[PDB]
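Participant: Just dropping in an experimental structure and the matching sequence.
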Amino acid sequence: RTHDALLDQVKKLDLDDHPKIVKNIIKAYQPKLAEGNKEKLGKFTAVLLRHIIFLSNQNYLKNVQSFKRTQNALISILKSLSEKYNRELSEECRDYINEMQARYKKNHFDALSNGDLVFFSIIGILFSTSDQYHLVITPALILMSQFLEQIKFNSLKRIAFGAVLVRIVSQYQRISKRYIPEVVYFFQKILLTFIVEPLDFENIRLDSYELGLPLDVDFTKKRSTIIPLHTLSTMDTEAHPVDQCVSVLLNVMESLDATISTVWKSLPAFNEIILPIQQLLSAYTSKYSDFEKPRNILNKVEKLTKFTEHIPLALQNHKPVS
Amino acid sequence: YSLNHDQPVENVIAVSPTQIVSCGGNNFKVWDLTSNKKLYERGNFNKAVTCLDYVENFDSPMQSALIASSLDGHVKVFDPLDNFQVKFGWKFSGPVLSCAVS
Amino acid sequence: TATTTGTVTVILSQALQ
Amino acid sequence: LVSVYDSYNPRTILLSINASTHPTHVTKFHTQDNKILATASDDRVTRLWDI
Amino acid sequence: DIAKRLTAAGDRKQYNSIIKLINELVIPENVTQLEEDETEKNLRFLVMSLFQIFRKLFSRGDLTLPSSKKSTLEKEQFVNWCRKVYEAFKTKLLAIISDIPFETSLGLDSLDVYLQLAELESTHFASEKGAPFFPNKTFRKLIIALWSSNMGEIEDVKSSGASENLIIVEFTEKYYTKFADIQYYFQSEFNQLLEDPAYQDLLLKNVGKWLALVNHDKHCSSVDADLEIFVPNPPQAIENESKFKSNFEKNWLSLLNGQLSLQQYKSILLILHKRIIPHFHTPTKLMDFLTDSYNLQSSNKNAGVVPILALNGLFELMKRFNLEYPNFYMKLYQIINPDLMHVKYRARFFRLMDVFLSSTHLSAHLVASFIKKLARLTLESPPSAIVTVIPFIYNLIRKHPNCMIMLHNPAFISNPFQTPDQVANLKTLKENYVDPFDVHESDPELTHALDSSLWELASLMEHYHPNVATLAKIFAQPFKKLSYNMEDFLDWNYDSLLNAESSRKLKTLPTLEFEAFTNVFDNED
């Protein structure tokens, strides 16, 4: 039916609504009369995955809501068909990991096309990473960590890419609650990047230590959010005012608050993770006295450190052998 | 009581019934023990003095002799009667860890 | 950075110490 | 394990004091007394042993 | 063009020529002028390369038969004319090597082979009725052309490396390495060339060509793999091994005097101990250089990696001649920092701290500081540094077992056989507990890390990577392992990490989620 370009050659006619219909028509063609249909089946699963990969970031300043409904419907039909088929799709996800690593191997940052974000999102949809090891979501997790601290955050395009990478990793650990040490360094990096404008805290060694947001913030309360519009963020971080900078800052500050309340309470070195974040957030609240969220985060982490115990360890108390 | 050699000591020997010598770090210090009090310190080495020992009354122009071995090749002899001044030394083919005399 | 030579004065200093 | 032999006879180990489980780094007899032996170890405690 | 070139070649190699020899000899000046005019103006002719090869073969036959060997009677213009044509061909080859806009691959990459084969055959073909190999004037002119031949920006490659000049790279491939005498005579002519003033003011500048010329582990003084000869009779060149080493020493220090840039600074620091330090008669001359590189305290933000690179050469220099850097463990304690785990050079430093912290004369408080600071650094770190920090803490706790109170304090244990007063006292002291570890202390012995405890590894026990978390489980496991082969644990990278992850031992089948994230996929949809 489709062999990674046959679906393109077939359904490269209409815009958005007919694409899901042609996918459902190919699905009705194969599995109804499936007396031998397995290789064509697993093939067009792989073609649908690769098809949303080469569809997700082309040109989204045409009909945005039609894109949104056809990709939402495409992800629903993908998950609903691939519930019965894991053992052909996961090979293709593995090869996509192995090839985007080779993309990153040559290009410094700009081989990271913005379909990789929704790639991580949809494998986080079709599997819960509660478990320790998993075949496709652990290479995704070391890739997401490699991009959290192997790329150089000086463009706000890269900073927003990192903000949604922290979004994906917190939705990864919503049920497994493990400790990614690298998101701590990402928070440490960008939360002082936005007020470095360096003579107060020494060792983060930021990449873009001159940018940051000034001392005349407008204190508007209707500021924006995540903006799942990476095609729009690519334009915004070149025609950027300070407004998208403050939006990305409030996004990463609320994900910081979320990850404090969800993960770092269950770690014995929590009082050792929240000294420097507490330092830079104190620098926020005594630099501006404007954003109430640094005072909120200060108050809740002070309550957490004051009302935990934080006693020494007794790890080597072994039960005696008989 | 306690005598605060500031460096981690490597050896402590007793010269008189009263004064003792502790080596550790680049120097050695001598301590009067009836008065709890330091009175000489010689830092004539490059690396840490590893060991000391002491001689008395033997057939010598020196009536007493403290020799000191110091992880840089050197062993030196200091005369306790003129203010622990160094009088002779040997250089060896590597870091000297311990020394003694007859 | 250095711009003087490669001298021998650490050797000389811990010869004379 | 402090082990005291007699000198000039390596085959007769006279007594094996089992000191601390840590390494014992210095062992010397008293210089006035004869029957006490001072052993300090990596246990941050020295011990005087009557032999 | 090609027609006149091939006809003049047949006439020059036919039997003999006088006036036609004069014409085909003055034609080489026209070929050089045409190439010098078309330089960055045509850049694709190949008739220039044919003219260089043909004039090479013509002057080779002319140096075979009618060279300027000697004279007997009244042949006092033939020798001068033949040596004039040979010297003009050589000068045109030197101008051809010096004058090239970029890697044009003909006008320099063939002129180098032309002057090389010319001097290689002109080892003989003189008055020398002995065992000479005297190219020295032609060779000195060759290397002064090779260092004046500045290309656009391939010299001093601002990422890394030394110099990407194509003919200099080809020289250090096959015209510097594969013998003994020409590199030695190169060093001798270099250390005669660095002494007249104008040439030394030009030669302390383009040092990257020399870095690319030297950093290859294949020198004639290096006894690891030695070479053969191509020259007919080498004139006691391989004999004076002292002269090669002394020349290597003095040109190394004299061009290390000149215009240090940071990239080639780090390059010579990285090759300082395994490449050049055996090829010094007195390696104590570099001691001031690398001790100031070690205590380099600059305002530049990438000038914090150079102590870590000076450590290897400085420690090998101390070990070979026991000199002392004072406050050594204080400086080694301040050298560990959050930069050191994100840096490119971790294994090169940790396989040296293996030696530095295995010393039998340092303190339990010192090892406690060195592992508590390393753990507070490793809580925000890549797994590349996690998997080399935690077996290092294992081996240090195994070698200094008093440091296991940081892992297991027995005062904070509630056994069922306790006095009510004992459990009362336990509750009051674990409420009135505060750890005394201070990261801003500079002194390892004065850091209260033994009096503190070590929570960072227990927090690290829940890690996203299963191999990393099961490696951190060993600090709740017992200590039956003696050591861990740190050089087997050291250089695990992101790339090799996911390489082994894709090429792991077994292969389970992937599972699916019964979670039904229909509308809200992430919190960002």
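Facilitator: Perfect, thanks for sending it. Residues are numbered from 1 along each chain as shown, chains lettered A, B, ... in the order given.

Participant: now for the strand or helix carrying residue E:393, which elements pack on it?
Facilitator: When elements are assigned from DSSP states H and E, residue E:393 belongs to helix E:383-399. The contact analysis (3 or more Cβ pairs under 8 Å, 6 or more residues apart in numbering or on different chains; DSSP states H and E) places helix E:383-399 against helix E:338-342, helix E:347-356, helix E:364-378, helix E:456-460, helix E:466-472, helix E:486-489, helix E:494-502. (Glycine included, C-beta is placed from N, CA and C.)

Participant: run the last query once more with 7 Å
Facilitator: helix E:347-356, helix E:364-378, helix E:456-460, helix E:466-472, helix E:486-489 (3 or more Cβ pairs under 7 Å, 6 or more residues apart in numbering or on different chains; DSSP states H and E).

Participant: Let me know which of the ones you listed is the nearest to chain C.
Facilitator: With Cβ to the nearest Cβ, the closest approach to chain C among the helices and strands packed on helix E:383-399 belongs to helix E:347-356: 19.6 Å.

Participant: Using CSV, write out every CA atom in that closest one.
Facilitator: Presented in CSV, the C-alpha positions along helix E:347-356 are these (Å, rounded to 0.1, in the frame of the first residue of the first chain):
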residue,chain,number,x,y,z
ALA,E,347,38.7,10.6,31.6
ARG,E,348,42.0,12.3,31.0
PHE,E,349,41.7,13.9,34.5
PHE,E,350,40.1,11.1,36.4
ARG,E,351,42.7,8.6,35.3
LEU,E,352,45.2,11.0,36.9
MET,E,353,43.2,11.5,40.1
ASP,E,354,43.2,7.7,40.4
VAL,E,355,46.9,8.2,41.0
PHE,E,356,46.6,11.4,43.1
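
Participant: Flag every residue of chain E that's near chain B.
Facilitator: Within chain E, the positions near chain B by Cβ under 7 Å from any Cβ of the partner chain are E:322, E:324, E:363.

Participant: excluding its backbone neighbours, what's nearest the closest residue to chain C within the stretch 301-450 of chain E?
Facilitator: At 6.0 Å from chain C, residue E:324 is the closest residue in the stretch 301-450 of chain E, using Cβ to the nearest Cβ. Residue nearest to residue E:324 in three dimensions, not counting chain neighbours: residue B:46, with 4.4 Å by Cβ to Cβ, 6 or more residues apart in numbering or on different chains.

Participant: mind listing what the one you found touches?
Facilitator: B:72, C:14, C:17, E:324 (Cβ atoms under 7 Å, 6 or more residues apart in numbering or on different chains).

Participant: Let me know the closest of the residues you listed to residue B:7.
Facilitator: Nearest to residue B:7 out of the contacts of residue B:46 is residue E:324 (Cβ to Cβ; 14.0 Å).

Participant: quick one: that closest one and residue B:47 touch, right?
Facilitator: Yes. Contact criterion Cβ atoms under 7 Å: residue E:324 and residue B:47 qualify, at 5.1 Å.

Participant: Tell me which of these two has more neighbours.
Facilitator: Each of residue E:324 and residue B:47 has its neighbours counted (other Cβ atoms under 10 Å in any protein chain shown); residue B:47 has more, 21 against 17.

Participant: The more buried one touches residue B:70, doesn't it?
Facilitator: Yes. Between residue B:47 and residue B:70 there is a contact under Cβ under 7 Å: 6.0 Å.

Participant: Can you name the residue of chain A nearest to chain C?
Facilitator: residue A:205 (20.4 Å).

Participant: Put together CSV for the helices and strands packed on helix E:383-399, with distance to residue E:180 and mean neighbour count on each row.
Facilitator: What follows is the helices and strands packed on helix E:383-399, written out as CSV (distance: least, Cβ to Cβ, whole Å; neighbours: other Cβ atoms under 10 Å in any protein chain shown):
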stretch, distance to residue E:180, mean neighbour count
helix E:347-356, 32, 17
helix E:364-378, 47, 23
helix E:456-460, 54, 23
helix E:466-472, 50, 18
helix E:486-489, 35, 14
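
Participant: Format those as JSON lines; extra columns: distance to residue D:22.
Facilitator: Shown next, in JSON lines, are the helices and strands packed on helix E:383-399 (distance: least, Cβ to Cβ, whole Å):
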{"stretch": "helix E:347-356", "distance to residue D:22": "23"}
{"stretch": "helix E:364-378", "distance to residue D:22": "11"}
{"stretch": "helix E:456-460", "distance to residue D:22": "23"}
{"stretch": "helix E:466-472", "distance to residue D:22": "27"}
{"stretch": "helix E:486-489", "distance to residue D:22": "24"}
